[PDB]
Structures are given as C-alpha cells and as structure tokens.
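Student: Have a peek at structure_14.pdb (PDB, C-alpha atoms (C1' of nucleotides)).
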MODEL        1
ATOM      1  CA  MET Y   1     101.324  81.422 102.818
ATOM      2  CA  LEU Y   2     100.358  84.285 100.501
ATOM      3  CA  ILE Y   3     103.618  86.029  99.568
ATOM      4  CA  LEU Y   4     103.357  89.460  97.879
ATOM      5  CA  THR Y   5     105.822  92.190  96.814
ATOM      6  CA  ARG Y   6     104.139  95.446  97.884
ATOM      7  CA  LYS Y   7     105.463  98.844  96.725
ATOM      8  CA  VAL Y   8     106.256 101.359  99.497
ATOM      9  CA  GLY Y   9     103.339 103.671 100.349
ATOM     10  CA  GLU Y  10     100.751 101.017  99.375
ATOM     11  CA  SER Y  11      98.834  98.530 101.556
ATOM     12  CA  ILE Y  12      97.542  94.959 101.933
ATOM     13  CA  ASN Y  13      94.348  93.710 103.643
ATOM     14  CA  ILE Y  14      93.193  90.753 105.748
ATOM     15  CA  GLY Y  15      89.731  89.493 106.755
ATOM     16  CA  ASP Y  16      87.369  92.440 106.204
ATOM     17  CA  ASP Y  17      88.623  94.955 108.819
ATOM     18  CA  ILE Y  18      92.449  94.676 108.785
ATOM     19  CA  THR Y  19      95.039  96.583 106.717
ATOM     20  CA  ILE Y  20      98.822  96.093 106.510
ATOM     21  CA  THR Y  21     100.432  99.291 105.179
ATOM     22  CA  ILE Y  22     104.118  99.618 104.191
ATOM     23  CA  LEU Y  23     105.538 102.990 105.244
ATOM     24  CA  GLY Y  24     108.908 102.240 103.644
ATOM     25  CA  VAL Y  25     112.458 100.908 103.896
ATOM     26  CA  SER Y  26     114.788 101.586 106.856
ATOM     27  CA  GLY Y  27     118.079 100.063 105.664
ATOM     28  CA  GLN Y  28     118.182  96.406 106.717
ATOM     29  CA  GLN Y  29     114.918  97.289 108.517
ATOM     30  CA  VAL Y  30     111.400  97.916 107.164
ATOM     31  CA  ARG Y  31     108.677 100.136 108.668
ATOM     32  CA  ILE Y  32     105.322  98.340 108.384
ATOM     33  CA  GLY Y  33     101.915  99.566 109.640
ATOM     34  CA  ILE Y  34      99.563  96.921 111.073
ATOM     35  CA  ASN Y  35      96.037  98.364 111.301
ATOM     36  CA  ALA Y  36      93.369  96.347 113.113
ATOM     37  CA  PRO Y  37      90.621  97.134 115.666
ATOM     38  CA  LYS Y  38      91.225  96.573 119.394
ATOM     39  CA  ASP Y  39      88.945  93.524 118.944
ATOM     40  CA  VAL Y  40      92.179  91.688 118.024
ATOM     41  CA  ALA Y  41      95.845  91.741 119.071
ATOM     42  CA  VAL Y  42      99.118  92.525 117.262
ATOM     43  CA  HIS Y  43     102.639  91.904 118.599
ATOM     44  CA  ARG Y  44     106.151  91.154 117.286
ATOM     45  CA  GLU Y  45     107.943  87.783 117.533
ATOM     46  CA  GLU Y  46     110.458  88.974 120.178
ATOM     47  CA  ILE Y  47     107.598  90.269 122.402
ATOM     48  CA  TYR Y  48     104.804  87.710 121.955
ATOM     49  CA  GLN Y  49     107.122  85.035 123.401
ATOM     50  CA  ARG Y  50     108.035  87.505 126.191
ATOM     51  CA  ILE Y  51     104.514  87.237 127.687
ATOM     52  CA  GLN Y  52     104.869  83.600 128.841
ATOM     53  CA  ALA Y  53     107.588  84.859 131.236
TER      54      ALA Y  53
ATOM     55  CA  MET U   1      97.526 101.707 113.336
ATOM     56  CA  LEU U   2     100.412  99.966 115.134
ATOM     57  CA  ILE U   3     103.617 100.935 113.316
ATOM     58  CA  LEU U   4     106.774  98.854 113.887
ATOM     59  CA  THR U   5     110.286  98.689 112.355
ATOM     60  CA  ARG U   6     111.324  95.041 111.862
ATOM     61  CA  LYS U   7     114.516  93.614 110.327
ATOM     62  CA  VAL U   8     114.494  91.316 107.272
ATOM     63  CA  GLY U   9     113.833  87.724 108.394
ATOM     64  CA  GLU U  10     111.903  88.729 111.545
ATOM     65  CA  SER U  11     108.105  88.543 111.894
ATOM     66  CA  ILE U  12     104.897  89.927 113.393
ATOM     67  CA  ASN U  13     101.730  88.222 114.692
ATOM     68  CA  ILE U  14      98.014  89.136 114.561
ATOM     69  CA  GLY U  15      94.716  87.696 115.859
ATOM     70  CA  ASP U  16      96.695  84.843 117.527
ATOM     71  CA  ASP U  17      96.140  82.832 114.286
ATOM     72  CA  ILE U  18      98.005  84.980 111.727
ATOM     73  CA  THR U  19     101.743  85.570 111.222
ATOM     74  CA  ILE U  20     103.296  88.278 109.027
ATOM     75  CA  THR U  21     106.956  87.602 108.171
ATOM     76  CA  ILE U  22     109.187  90.145 106.368
ATOM     77  CA  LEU U  23     111.025  88.139 103.704
ATOM     78  CA  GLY U  24     113.062  91.146 102.559
ATOM     79  CA  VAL U  25     113.314  94.414 100.619
ATOM     80  CA  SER U  26     113.709  95.143  96.886
ATOM     81  CA  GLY U  27     114.442  98.854  96.398
ATOM     82  CA  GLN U  28     111.113 100.708  96.139
ATOM     83  CA  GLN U  29     109.383  97.392  96.995
ATOM     84  CA  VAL U  30     109.138  95.006  99.961
ATOM     85  CA  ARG U  31     108.303  91.283 100.182
ATOM     86  CA  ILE U  32     105.988  90.221 103.016
ATOM     87  CA  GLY U  33     104.547  86.761 103.782
ATOM     88  CA  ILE U  34     100.966  86.672 105.100
ATOM     89  CA  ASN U  35     100.385  83.390 106.986
ATOM     90  CA  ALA U  36      96.658  82.983 107.722
ATOM     91  CA  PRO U  37      94.259  80.008 107.514
ATOM     92  CA  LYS U  38      92.139  79.780 104.354
ATOM     93  CA  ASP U  39      89.199  80.434 106.728
ATOM     94  CA  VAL U  40      90.017  84.144 106.246
ATOM     95  CA  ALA U  41      90.880  86.341 103.259
ATOM     96  CA  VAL U  42      93.995  88.318 102.278
ATOM     97  CA  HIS U  43      94.219  90.659  99.280
ATOM     98  CA  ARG U  44      96.289  93.677  98.187
ATOM     99  CA  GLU U  45      94.746  97.174  98.189
ATOM    100  CA  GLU U  46      95.002  97.495  94.380
ATOM    101  CA  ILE U  47      92.903  94.325  93.881
ATOM    102  CA  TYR U  48      90.485  94.453  96.824
ATOM    103  CA  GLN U  49      88.663  97.114  94.769
ATOM    104  CA  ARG U  50      89.238  95.063  91.576
ATOM    105  CA  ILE U  51      86.842  92.472  93.069
ATOM    106  CA  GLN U  52      84.167  95.184  93.423
ATOM    107  CA  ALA U  53      84.249  95.480  89.596
TER     108      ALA U  53
ATOM    109  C1'   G C   1     116.523 115.346 101.061
ATOM    110  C1'   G C   2     119.820 110.724 101.022
ATOM    111  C1'   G C   3     122.759 106.437 103.526
ATOM    112  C1'   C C   4     123.623 103.271 108.046
ATOM    113  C1'   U C   5     122.656 101.687 112.971
ATOM    114  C1'   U C   6     120.077 101.353 117.663
ATOM    115  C1'   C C   7     115.701 101.630 121.029
ATOM    116  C1'   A C   8     110.223 100.374 121.260
ATOM    117  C1'   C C   9     103.998  94.770 124.651
ATOM    118  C1'   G C  10     104.129  99.836 120.778
ATOM    119  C1'   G C  11      97.761 100.240 118.659
ATOM    120  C1'   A C  12     101.155 106.128 116.896
ATOM    121  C1'   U C  13     102.041 106.714 109.150
ATOM    122  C1'   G C  14     106.447 105.113 116.865
ATOM    123  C1'   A C  15     111.130 107.019 118.784
ATOM    124  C1'   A C  16     116.692 107.867 119.229
ATOM    125  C1'   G C  17     121.948 108.028 117.544
ATOM    126  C1'   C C  18     125.978 108.663 113.522
ATOM    127  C1'   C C  19     127.382 110.842 108.482
ATOM    128  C1'   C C  20     126.713 114.092 103.957
TER     129        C C  20
ATOM    130  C1'   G W   1     125.214  88.766  99.379
ATOM    131  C1'   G W   2     124.522  94.057  97.396
ATOM    132  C1'   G W   3     122.037  98.103  93.975
ATOM    133  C1'   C W   4     117.766  99.595  90.461
ATOM    134  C1'   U W   5     113.258  98.632  87.752
ATOM    135  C1'   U W   6     109.040  95.923  85.829
ATOM    136  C1'   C W   7     105.098  91.882  85.885
ATOM    137  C1'   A W   8     101.516  89.064  89.574
ATOM    138  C1'   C W   9      93.424  88.194  92.920
ATOM    139  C1'   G W  10      98.330  85.412  93.945
ATOM    140  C1'   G W  11      97.254  81.549  99.696
ATOM    141  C1'   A W  12     103.489  80.086  96.394
ATOM    142  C1'   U W  13     109.023  81.537 101.235
ATOM    143  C1'   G W  14     105.142  84.623  93.783
ATOM    144  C1'   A W  15     107.463  85.796  89.012
ATOM    145  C1'   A W  16     110.602  88.759  85.151
ATOM    146  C1'   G W  17     114.597  92.285  83.306
ATOM    147  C1'   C W  18     119.746  95.047  83.981
ATOM    148  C1'   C W  19     124.650  95.126  86.895
ATOM    149  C1'   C W  20     128.787  93.370  90.490
TER     150        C W  20
ENDMDL
END
Before we go any further, please render this structure as structure tokens.
Tutor:
Amino acid sequence: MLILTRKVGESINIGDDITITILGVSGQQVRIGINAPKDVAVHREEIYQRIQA
Amino acid sequence: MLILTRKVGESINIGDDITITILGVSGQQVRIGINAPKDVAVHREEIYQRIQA
RNA sequence: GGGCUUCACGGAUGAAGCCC
RNA sequence: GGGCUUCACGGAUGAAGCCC
C-alpha cells in the first residue's frame, strides 16, 4: 500500500488517467473526489458488496 | 468526478483491482491508503509534475 | 464563516438535519 | 482518543514537532 498524507484542496493520481482529489474534512467524515473515466468503475465498500444481493 | 463523504476507517474501490481506504484526518491534512498492484502507478499531484523535470 | 451528525450504486468539487 | 502545524516520488497502515 502507498500511504500518503494529502493536504485538503490538493490531489493524488493513479495509472495515467485517474485523480483522487480531497475536498476537505467533514468532522469524523472526509469528502474525497474520485475522478476516473467511465471506462472503469468506482464504488464504496458498503455498496460494492450490495451488488451480489 | 464522483464525490463521496466517507468516515475514518471506511474505504472506496476502483477498477475492481484498487482499494482506497481513509486511514484518518489530521487537521488541514488527511491520510489515505492507495492499494493498487505494482502493475500500475500512483503519485501525488505535487510530484507527478516533478517527474516531468 | 466555524463545529457536529445523518442520507447518498452517487460519476456531481453530491445532498439533508442541528447549533453559534 | 482529541486539537494544531511541519517534513515525505513514498508502494510503508509514511515520518517529525507542540498540547491534554
């Protein structure tokens, strides 16, 4: 795993076409921004496992 | 972009081979954990352009 | 503008509630 | 466990400083 400590308002990248922005804190929550083309998928842990239903 | 608001300790998934956990928050910063195979790249925005120089 | 919480298979720098 | 800040091309559940 590649752990990083990104400042709010900045971003991270993956592959050559993906970006993972950090919009900021939300208390015990955090608002992240996953940016990828529709060529790939993006879901949360409590919803990916909800598909097998 | 697909914005979401996760809690600390939860996670996100991408490309069916990548997992993006939220390890926690640190004031103006956040700690994320990019889990991807070494078959693909992952770099921060402030150093993706550092490679180009 | 700030703090906390909740909703959201949602592709949008998402949404709603409480307090100052 | 909680609050603030700084250093990290680093694939590691990264690092350092101040306070309870």
Student: What are the closest atom pairs, with distances in Å to one decimal, for all residues of chain Y lying within 7 Å of chain C? Consider all atoms listed in the file, order rows by chain and residue number, and present the result as a Markdown table.
Tutor:
| residue | atom | partner | partner_atom | distance |
| --- | --- | --- | --- | --- |
| Y:23 | CA | C:13 | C1' | 6.4 |
| Y:27 | CA | C:4 | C1' | 6.8 |
| Y:43 | CA | C:9 | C1' | 6.8 |
| Y:47 | CA | C:9 | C1' | 6.2 |
Student: If you apply the PyMOL selection byres ((chain U) within 7 of (chain Y)) to this file, what residues do you get, as a list in words?
Tutor: residues 1, 2, 3, 4, 5, 6, 7, 8, 11, 12, 13, 14, 15, 28, 29, 30, 31, 32, 33, 34, 35, 36, 40, 41, 42, 43, 44 and 45 of chain U
Student: Matching each Cα of chain Y to the same-order Cα of chain U and superposing by least squares, what RMSD do you find?
Tutor: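 C-alpha RMSD after optimal superposition stands at 0.5 Å.
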Student: Using all atoms of region 4-18 of chain U that appear in the file, construct an axis-aligned enclosing box with 4 Å of padding on every side and provide its centre coordinates and edge lengths in Å, rounded to one decimal, as AutoDock Vina command-line options.
Tutor:
--center_x 104.6 --center_y 90.8 --center_z 112.4 --size_x 27.8 --size_y 24.0 --size_z 18.3
